[PDB]
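Coordinate analysis (summary)
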Amino acid sequence: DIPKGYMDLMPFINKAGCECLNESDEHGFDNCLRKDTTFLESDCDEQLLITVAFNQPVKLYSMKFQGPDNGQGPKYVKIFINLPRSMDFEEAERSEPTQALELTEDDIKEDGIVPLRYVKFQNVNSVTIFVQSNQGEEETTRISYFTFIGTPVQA
Amino acid sequence: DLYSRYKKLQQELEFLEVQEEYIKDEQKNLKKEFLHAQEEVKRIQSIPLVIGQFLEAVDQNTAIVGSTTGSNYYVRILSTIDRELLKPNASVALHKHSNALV
Amino acid sequence: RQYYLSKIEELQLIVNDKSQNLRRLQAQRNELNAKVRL
Amino acid sequence: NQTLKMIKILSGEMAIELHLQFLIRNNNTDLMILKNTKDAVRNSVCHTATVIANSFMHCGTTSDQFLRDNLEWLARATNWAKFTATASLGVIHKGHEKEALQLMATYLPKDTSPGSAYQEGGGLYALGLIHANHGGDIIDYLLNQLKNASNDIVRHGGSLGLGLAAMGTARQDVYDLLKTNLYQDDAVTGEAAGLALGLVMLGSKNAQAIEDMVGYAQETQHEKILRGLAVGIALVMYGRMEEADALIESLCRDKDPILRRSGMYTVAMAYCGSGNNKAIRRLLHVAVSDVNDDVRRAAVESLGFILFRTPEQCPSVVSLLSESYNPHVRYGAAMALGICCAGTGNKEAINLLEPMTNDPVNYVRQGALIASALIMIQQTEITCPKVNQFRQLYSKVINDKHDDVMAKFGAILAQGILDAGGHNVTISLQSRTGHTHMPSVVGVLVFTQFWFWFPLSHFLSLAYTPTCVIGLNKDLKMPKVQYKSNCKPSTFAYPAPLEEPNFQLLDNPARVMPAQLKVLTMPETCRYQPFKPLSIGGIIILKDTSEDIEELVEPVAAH
Amino acid sequence: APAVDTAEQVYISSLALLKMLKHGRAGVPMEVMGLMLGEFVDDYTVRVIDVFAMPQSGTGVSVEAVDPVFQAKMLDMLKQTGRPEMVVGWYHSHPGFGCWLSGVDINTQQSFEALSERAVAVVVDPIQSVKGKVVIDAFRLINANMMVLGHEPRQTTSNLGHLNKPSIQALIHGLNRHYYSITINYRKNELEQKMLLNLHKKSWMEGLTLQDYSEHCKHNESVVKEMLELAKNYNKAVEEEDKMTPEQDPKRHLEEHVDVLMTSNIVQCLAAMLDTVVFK
Ligand SMILES: [Zn+2]
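Cut-offs applied
Residues numbered from 1 in each chain as written, not as in the entry; some residues may be left out. Chains lettered and ligands numbered in written order. Part of a larger assembly, values for the part shown. Heavy atoms only, no water. Contact = heavy atoms within 4.5 Å. Buried area = accessible area lost by both parts, 1.4 Å probe. Salt bridge = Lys/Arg side-chain N within 4 Å of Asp/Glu carboxyl O. Polar contact = N/O pair within 3.5 Å; in protein donor to acceptor, adjacent residues only side chain to side chain. Helix = DSSP H or I, 4+ residues; strand = E, 2+ residues; numbered from the N terminus. Nonpolar A, V, L, I, M, F, W, Y, C, P; charged D, E, K, R; others polar. Donors = N, O, S within 2.8 Å, 3.2 Å for Na, K, Ca; no water. Tetrahedral: all angles 85-135°; square planar, octahedral: opposite > 155°, others 65-115°. Buried < 20%, exposed > 50% of the residue type's maximum accessible area, 1.4 Å probe, protein only.

As stated in the entry header, the method of structure determination is cryo-EM and the reported resolution is 3.1 Å.

The name given to chain E in the PDB entry is 26S proteasome non-ATPase regulatory subunit 14, and the organism recorded there is Homo sapiens.

Another aspect to go through is the interface of chain D and chain E. If you look at the interface, chain D gives 25 residues, while chain E gives 22 residues. Together, the buried faces of chain D and chain E total about 2000 Å²; carbon and sulfur atoms form 51% of this surface. For the pair chain D and chain E, the interface holds one salt bridge. For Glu 190 of chain E, the salt bridge goes to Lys 255 of chain D, with nearest N and O atoms at 3.7 Å. Our count for the contact surface shared by chain D and chain E stands at eleven residue pairs in polar contact. Those elements that place two or more of their residues in the side of chain D that touches chain E are helix 4 (44-57), helix 13 (187-200), helix 15 (223-236) and helix 23 (362-375) of chain D. When its residues are assigned to classes, the side of chain D that touches chain E shows twelve nonpolar, eight polar and five charged.

Residue and element names in this part refer to chain E. Here the zinc ion is held by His 92 (NE2), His 94 (NE2), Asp 105 (OD) and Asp 105 (OD), and the distances to it run 1.9 to 2.3 Å. Here the zinc ion is ringed by four donor atoms whose angles at the metal span 61 to 131 degrees, and the overall shape comes out irregular. Along the chain, the residues that donate to the zinc ion are spaced as H-x1-H-x10-D. Taken as a pair, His 92 and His 94 share a single burial class, namely buried.

A common way to state how big an interface is: give the accessible area lost once the parts meet. In this complex, chain C contributes 21 residues to the contact, which on the side of chain B involves 19 residues. Where chain C abuts chain B, roughly 2100 Å² becomes buried across the two surfaces, and 78% of that area is made up of carbon and sulfur atoms. Linking chain C with chain B are two salt bridges. When the shortest N-O distance is used, the salt bridge between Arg 29 of chain C and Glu 26 of chain B registers 2.3 Å.

Let's shift gears to the pattern of salt bridges. Residue and element names in this part refer to chain E. Scanning the entire structure with this criterion turns up 48 salt bridges over all chains. Notably, a salt bridge pairs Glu 240 with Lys 236, separated by 3.1 Å at the nearest N-O pair. Taken together, the residues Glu 240 and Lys 236, both in helix 7 (residues 213-242) and four residues apart, mark about one turn of the helix. Using a relative accessible area of 41% as the deciding quantity, one classes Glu 240 as partly exposed. Residues joined by salt bridges that share partners form a network here, namely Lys 19, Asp 50, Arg 83 and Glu 85.

Here is the structure:
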């Protein structure tokens, strides 16, 4: 897939910065990271907060934020960038995101690629996703596959 | 004929008003710029300055001056200096980094 | 008819006066701009 | 049947073809001037200027003889210059739609140490230039090429070509493609994307396009995109007059100097030719008050677009800006006089420009030379006394080994402008009948942006309108007819190549200068009769008064 | 082959310029140096958002003056604060030597460019930066193969790269032969300018404080006496005007004294009476 001139940003992801809050121990953060049927599930409630850092600064164009069809796919996502400190759910709800995202149903499918405002993502070091709600309004949310499409800034 | 001349007169008058307002605004801004330029010229006369001897006047704005560092320099005379006060071997203060006869 | 002529002559004298005024303003601005440029 | 013929006329195919034939037939360019200039070029800047000047001289003549002769010298150009060179090709073949794709096939791509993506981008740009304002067919091809374009330079060239082709059509698909390219947020492609957004949605007053473009200009960080978007915002609000006012204020107050420059350009495009005194007041206030020199310059430039309908009033207002201490204001004054009195040969404007050609600041000299060329285009010694002198001046600046590089660049482009289109085209922001020629206004405005991007200079090719009187029969063909110009032949003659009766007979088509149009009638012995009075000029239908068989003017081939 | 455009600019932030000037002066007469942080936005832009000084070493300014521990720890802890900007380039001070790059300067700049092709080597003269003008330039390099082959170091596409003329002092020290000057633009937003405006923003008080009235009277006396002498000179000069066809002015000095008198006394009067009527 992916638009011409871009690449999957998987090899540029630094595992030292990755950190997901409210995840069930049985459903690890790597499940959403990996392109398998394995999924990441929130453990406390629907809200989730996943921070991913990169080895080198990168520029994002589109995200593949997809989950299952049972309605537990995300629906409202606040994206913050270059966070100098770990993110708190209270502030994340309060804070103004770099980009707000109302994930329609079609995004959650396997062919769902969500374009991002490339203007605001030109010096991304670490990207934090605050999943505020899910489609089915369940007590928890599942993410089948999450990744980023973009290009390195060639540091 | 008559109406065309009258309309041309009105258009010309309005354009004259526009030019007048333009010129007044530019006059104000030019006065500000002149003040800044005078400030800069005065600031170039700050301290320290190296003493030298006004050896010879070459042009209305350029002279040859013997700076007491022991060296002769062809430098530029500042306008505000009284020309009649510029006599040979007179002691003159020169800009430290440019030797301009300050 | 003659009303046209009265309006025309009044505007003509006004335009002449303002043209002299504009020329004077231009001379003043020119001298100030010359000072600034120098 | 006859309705199809008027459809053909309205689509522009017939008029463009006739203009192309007129330009080819009366190609009178002196290649010796270009030979001298190519002899006196040392650096790459003068090389690019020479390419552009040759393009201007042969604009629409399809005569690339200079390039074919000096291919070895042309190969010296690399990187963007090479791009510009290829782009220049499109100006030479202006209106040569029929073979365009095919002929661009002859300049087929290769692989070398430069990416040759400059060549592909220049090819797309030239394709757009050829079909400028008339891209009815090329649009789909350029859309496909831009969509499939991968390189950044190719994207830039394709965006420029697409904007030129789609100029004023305001099609939504092309706007979406160009907005996508703009959102890709690359400095090289940003200029082209913003300029093409302006070109496509030109004069449309669209709220969506303008909000997208202003928001992007306030959101991005690449200044090249800022300049492109500035000119684009100007173009979108072209000719809308007071409907621009809101936007204008929203751009005059903005903190970003490029956005303020966009506000000045929007004042120019919105009130182009109206002479609205509120616009002039605002422009003069900005030109004398603003803290960023580029904004002051652009503010002075916009005066030409405001006042081109009353050129006699233009030196009166710009003369004092001409002497201003600020060199940027001086350049703005020069090019404002150039735009304002373009193709008129105004005496006062040239007298104002004459001292400017010796200004200490180099780019001021460049602007003065460019503006003089714009003013005196097609002019002769009798019509304009000083023209010869300026001609010598140009050569001197080229042959002065110590003169600064941009003084030389201005001189080269001035030589190109003065003999544009084989001395068969002029710069007329007004139309023949008194309408604001929108392609001319857009082309001149974008040409003024050569200060920021040299390949944009070819946009001035839009302003080249042929000075012709094309007589047509009832069948729209061209009978062999002669018109009598009641003036001394040297009054409007071509310049003498480098090394009398009171009337002249001109064949069909006739290279008639706009001033010569007044004194031109047609002999009574002619079996035809002009339908519209000949003094107006342009493509004029001739009614045949006799049933004798017609002798048609044979169509000359290309190149 | 790609060529660096002559329109490329170095956008130095206000804070970066101030820190650079302060550090350059603080080390006079030694040559101090430090690292400029920022980002290469595009092919025509190099943004210097911030610059941190580096400890002085007896070496001087060389590629051995960048202590790896200092640089690494400073970068890490700035990133902690919120400034995760890459090392765009380096700066050092040539006190009174003008702006240029010496052989060792060219050497360290080669070292920096090996890290990233885009990298600037701005230098600042801290003693030539007298109030008003600021003597600072930014140079990258020219590849030797680029110059020997005869091709120009930088492609040109606009007049931006030639608005300013190179200096003779830089030119003899290798300018346009081994390194090219890059135009420098200062990124000053409204907020920073307004904050800097407080340096000489007088007060809400001195708009209302009258001059020392005895001092005011003495100043008036002195200026009026000077104006009397000037009036005598003006009369003497004007008498000469008659017996003189078109062929310091006691008048210009007279006008200046008049202007200073009217401004001083008008201001003093108005301030005094505003004070009388706003304070009961
Ligand atoms: Zn050094």
